[PDB]
Trainee: 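Would you mind keeping the following structure in view while I ask a few things?
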Amino acid sequence: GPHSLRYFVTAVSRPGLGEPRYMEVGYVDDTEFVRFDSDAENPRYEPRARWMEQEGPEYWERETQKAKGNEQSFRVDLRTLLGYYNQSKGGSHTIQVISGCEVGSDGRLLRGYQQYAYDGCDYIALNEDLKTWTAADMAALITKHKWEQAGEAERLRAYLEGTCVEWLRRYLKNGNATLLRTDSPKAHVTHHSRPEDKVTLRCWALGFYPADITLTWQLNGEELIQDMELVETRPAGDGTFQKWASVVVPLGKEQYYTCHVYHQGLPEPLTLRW
Amino acid sequence: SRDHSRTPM
Amino acid sequence: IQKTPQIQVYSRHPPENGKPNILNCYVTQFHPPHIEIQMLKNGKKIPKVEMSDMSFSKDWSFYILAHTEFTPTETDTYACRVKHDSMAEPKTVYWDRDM
Ligand SMILES: *[C@@H]1O[C@H](CO[C@@H]2O[C@@H](C)[C@@H](O)[C@@H](O)[C@@H]2O)[C@@H](O[C@@H]2O[C@H](CO)[C@@H](O)[C@H](O)[C@H]2NC(C)=O)[C@H](O)[C@H]1NC(C)=O
Ligand SMILES: *[C@@H]1O[C@H](CO)[C@@H](O)[C@H](O)[C@H]1NC(C)=O
């Protein structure tokens, strides 16, 4: 199937408390693999996945230097945006960026992306064509004009189609035992009473990877996505994920409801009952 | 691997 | 763009007294990013807690995981306490072993 390399970058100013906090977190698919945090003593790029032990010391030195340079670029951007938006220097503001590429099973590029946000709202983003930008407001339009004059899209496109894709292929090769594995979900149902003649049935799916999964509740063969309650799929601390979905049913009629679990590690979907 | 030498905002 | 965090507490494996497990506190859908997250055992802060899986959703809200290894006991209680500007007082969410 397809695979992705994504970097989540955050710069947060803190007036009166020194320099902004700067963080970079990288993921290959749903697995965290590298991280940089300016608030750590002796800030350096660090491995977050076991297979990254395969890179030499040169890799860490180069990524650390790049991170420090990027940190400084965002310090300047925070000041620049205060000007664009005519805001005071006493408040905290945030810049967020998501950067990355996706490749198919054959390793060829499927899509690239680079999106920025300021204080939690869209700022500017590279369009799917990897040639033009989409600006959310007049401040971002200033940035758009600067980037067009500097040829930023061409520079970024070269990174997305070249460097990004080539390194993603390498990470998938080196971490194959971890990244190309499939951990099948193990499920079970819990039961809880309610004040009125009804009960809550909760279906749990545990220990699976990758993260994509589908949990549904059925009645007479009809899906109850409309009356279903659930949580977003979440990490469980060891590289696997979990999720649950619940429905409220009449007491004494719990046997008519079934939970269905669909996942890459389930040749045939699971069907559970209380 | 991370990108670098980006154009400022 | 103030968004109040959703706090979820859960273990990696169904709880079984005496057997090693992992306790998780996933704090999601919040903004601004400044936040304080603490895991507690019987009301006392747990020392070695790992922070991981930091990311943002499509609407730019923040997500982050706090986790630690632990061996459940019949008497021990666990919780996650979070402090964020969207809330007046810190919020404590307890681990519900029977959920
Ligand atoms: C995962 O891939 C390895 C092959 O190693 C990869 O390529 C290396 C050059 C280096 O980049 C490693 O870090 C990569 O992981 C598979 O190992 C081979 O397994 C076959 C039989 O299964 C064996 O004949 C070869 O000798 C092994 N290669 C060596 C010498 O290490 C491994 O099986 C893969 N794991 C799975 C199944 O996902
Ligand atoms: C910036 O804010 C000041 C004070 O609110 C105001 O006087 C000034 O006109 C603003 N600048 C702009 C964007 O016009």
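Quick note: numbers below take in every heavy atom, side chains included, and nothing from hydrogens, waters or symmetry partners. First the proteins, then the strands, lettered A, B, ... as listed; each starts at 1.
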Trainee: Under the side-chain contact (heavy atoms from CB on, under 4.5 Å) criterion, do A/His192 and A/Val199 qualify, and how do the steps go?
Mentor: CA-CA 6 Å; A/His192 297 293; A/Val199 304; over 6 Å; no
Trainee: Is any side-chain heavy atom of A/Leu206 less than 4.5 Å from a side-chain heavy atom of C/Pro14?
Mentor: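 A side-chain contact exists here, since the closest heavy-atom pair is under 4.5 Å.
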Trainee: Start with the C-alpha distance between A/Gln218 and A/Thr258, add both sets of side-chain angles, then the distance that settles side-chain hydrogen bond (donor to acceptor under 3.5 Å, both in side chains), and finish with yes or no.
Mentor: CA-CA 5 Å; A/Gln218 279 184 41; A/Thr258 56; 4.7 Å; no
Trainee: Is A/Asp183 salt-bridged to A/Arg181, cutoff N-O under 4.0 Å?
Mentor: yes
Trainee: Quick one: which of A/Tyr27, A/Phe8, A/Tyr116, A/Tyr7 gives a ring pair (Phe, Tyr, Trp, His ring centres under 6.0 Å) with C/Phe56?
Mentor: A/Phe8
Trainee: Which heavy atom of C/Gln29 sits nearest a heavy atom of A/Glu232, and at what distance?
Mentor: NE2-OE1, 3.3 Å
Trainee: Any donor-acceptor pair under 3.5 Å linking the side-chain atoms of C/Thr68 with those of C/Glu50?
Mentor: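 C/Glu50 vs C/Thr68: no donor-acceptor pair found between side chains.
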Trainee: Please check this pair: side chain of A/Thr80 against backbone of A/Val76, looking for a donor-acceptor N/O pair closer than 3.5 Å.
Mentor: yes
Trainee: Should we say atom CD of A/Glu102 is surrounded by more than 12 heavy atoms from elsewhere, each under 6.0 Å from it?
Mentor: yes
Trainee: Salt-bridged, A/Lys66 to B/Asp3, with N to O below 4.0 Å?
Mentor: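 No salt bridge links A/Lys66 with B/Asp3.
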Trainee: Please determine, by modelled atom types, if C/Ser11 and C/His13 share a side-chain donor-acceptor pair under 3.5 angstrom.
Mentor: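 No, no side-chain donor-acceptor contact under 3.5 Å.
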Trainee: So which of C/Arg81, C/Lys83, C/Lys45, C/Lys91 actually passes salt bridge (charged side-chain N to carboxylate O under 4.0 Å, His left out) with C/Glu36?
Mentor: C/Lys83
Trainee: Do A/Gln65 and A/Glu61 pair up side chain to side chain, a donor and an acceptor below 3.5 Å, judged on atom types alone?
Mentor: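 A donor-acceptor contact under 3.5 Å links the two side chains.
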Trainee: Distance only, no hydrogens: is a donor on one side chain within 3.5 Å (strictly under) of an acceptor on the other, for A/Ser184 and A/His263?
Mentor: no
Trainee: Between A/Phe36 and A/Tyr45, what is the ring plane arrangement, given parallel below 30°, perpendicular above 60°, and tilted in between?
Mentor: parallel
Trainee: For residues C/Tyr63 and C/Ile1: do they belong to one hydrophobic cluster (side chain heavy atoms under 4.5 Å, members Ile, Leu, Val, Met, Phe, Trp, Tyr)?
Mentor: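 Per the 4.5 Å side-chain linkage, C/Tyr63 and C/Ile1 are not co-clustered.
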Trainee: Check A/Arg75 with A/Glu71, please: is the shortest side-chain N to carboxylate O separation under 4.0 Å?
Mentor: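 Result for this pair is yes, salt bridge flagged.
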Trainee: Is the shortest side-chain N to carboxylate O distance from C/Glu16 to C/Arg97 below 4.0 Å?
Mentor: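 The answer is no: the pair does not qualify as a salt bridge.
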Trainee: Checking the side chain of A/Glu254 only, and the main-chain atoms of A/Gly252 only, is there a donor and an acceptor separated by less than 3.5 Å?
Mentor: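 Side chain of A/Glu254 to backbone of A/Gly252: a pair is present.
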Trainee: Group every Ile, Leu, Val, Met, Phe, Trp and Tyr by side-chain heavy-atom contacts under 4.5 Å, then state whether A/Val165 and A/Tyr59 land in the same group.
Mentor: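 In one cluster: yes.
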Trainee: Apply the test ring pair (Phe, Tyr, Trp, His ring centres under 6.0 Å) to residues A/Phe33 and A/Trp51: give CA-CA distance (whole Å), side-chain angles for both, the deciding distance (0.1 Å), then the verdict.
Mentor: CA-CA 9 Å; A/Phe33 81 113; A/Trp51 45 272; 5.7 Å; yes
Trainee: Verify side-chain hydrogen bond (donor to acceptor under 3.5 Å, both in side chains) between A/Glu24 and A/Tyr22, making sure each step is shown before the conclusion.
Mentor: CA-CA 7 Å; A/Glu24 291 190 6; A/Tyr22 184 72; 2.5 Å; yes
Trainee: Kindly state each residue pair satisfying disulfide (SG to SG under 2.5 Å) with at least one member in residues 63-99 of chain C, sequence neighbours excluded.
Mentor: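 Non-adjacent pairs meeting disulfide (SG to SG under 2.5 Å): C/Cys25-C/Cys80.
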Trainee: Would you mind reporting whether A/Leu130 and A/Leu160 have side-chain heavy atoms less than 4.5 Å apart?
Mentor: yes
Trainee: Applying side-chain hydrogen bond (donor to acceptor under 3.5 Å, both in side chains), run through A/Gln96 and A/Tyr123 and close with a yes or a no.
Mentor: CA-CA 9 Å; A/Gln96 284 163 275; A/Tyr123 184 71; over 6 Å; no
Trainee: I'd like to know if the side chain of A/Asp122 and the backbone of A/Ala117 have a donor-acceptor N/O pair within less than 3.5 Å.
Mentor: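 Side chain of A/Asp122 to backbone of A/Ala117, a donor-acceptor pair under 3.5 Å: no, none is there.
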Trainee: Check this for me: does any side-chain nitrogen of one of A/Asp29 and A/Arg6 sit under 4.0 Å from a carboxylate oxygen of the other?
Mentor: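 Looking at A/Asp29 and A/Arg6, the cut-off is not met.
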Trainee: Determine whether A/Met228 and A/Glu223 satisfy the following criterion, side-chain contact (heavy atoms from CB on, under 4.5 Å), listing intermediate values before the conclusion.
Mentor: CA-CA 9 Å; A/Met228 217 171 81; A/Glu223 300 185 305; over 6 Å; no
Trainee: Hey, quick one: are A/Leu272 and A/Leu219 part of the same hydrophobic cluster, counting side-chain heavy atoms closer than 4.5 Å, chains of contacts allowed?
Mentor: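 Yes; A/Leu219 is reachable from A/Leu272 via cluster members.
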Trainee: Between C/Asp53 and C/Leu65, is there a donor-acceptor pair closer than 3.5 Å when you use the side chain of the first and the backbone of the second?
Mentor: no
Trainee: Are the side chain of C/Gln8 and the backbone N or O of C/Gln6 linked by a donor-acceptor pair below 3.5 Å?
Mentor: no
Trainee: For this output row, return yes or no: ring centroids of A/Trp274 and A/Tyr256 closer than 6.0 angstrom.
Mentor: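 Here the rings of A/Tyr256 and A/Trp274 have centres that are no less than 6.0 Å from each other.
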Trainee: Which pair of non-hydrogen atoms, one from A/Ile213 and one from A/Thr233, has the smallest distance, and what is that distance?
Mentor: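 Minimum heavy-atom contact is CG2-OG1, 3.9 Å.
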Trainee: Do A/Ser92 side-chain atoms and A/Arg14 backbone N/O form a donor-acceptor pair below 3.5 Å?
Mentor: no
Trainee: Are any of the side-chain heavy atoms of A/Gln242 and A/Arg234 separated by less than 4.5 Å?
Mentor: yes
Trainee: Do the side chain of A/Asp119 and the main chain of A/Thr94 share a donor and acceptor less than 3.5 angstrom apart?
Mentor: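 Flag set: sc A/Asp119 to bb A/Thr94 pair under 3.5 Å.
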Trainee: Flag the pair A/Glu152 and B/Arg6 as a salt bridge only when some basic side-chain nitrogen lies within less than 4.0 angstrom of an acidic carboxylate oxygen.
Mentor: no
Trainee: Holding to side chain to side chain donor-acceptor pair (under 3.5 Å), I want the full list of residues that pass it with C/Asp76, two or more places apart in sequence or in another chain.
Mentor: C/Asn42, C/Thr73
Trainee: Give a yes/no verdict on a cation-pi contact between A/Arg273 and A/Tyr257, requiring under 6.0 Å between NZ or CZ and the six-membered ring centre and an angle within 45° of the axis.
Mentor: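 The answer is no; the distance or angle limit is not met.
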Trainee: Mark yes or no for whether A/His145, through its side chain, and A/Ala140, through its backbone, hold a donor-acceptor pair below 3.5 Å.
Mentor: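 Judged by distance alone, no pair lies under 3.5 Å.
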Trainee: Would you call the rings of A/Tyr118 and A/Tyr85 parallel, tilted or perpendicular, where under 30° means parallel and over 60° means perpendicular?
Mentor: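 Answer is parallel, since the angle falls under 30°.
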Trainee: Mind checking whether A/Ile95 and A/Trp133 sit in one hydrophobic cluster, side chains of I, L, V, M, F, W, Y counted as touching below 4.5 Å?
Mentor: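 Yes, one cluster joins them.
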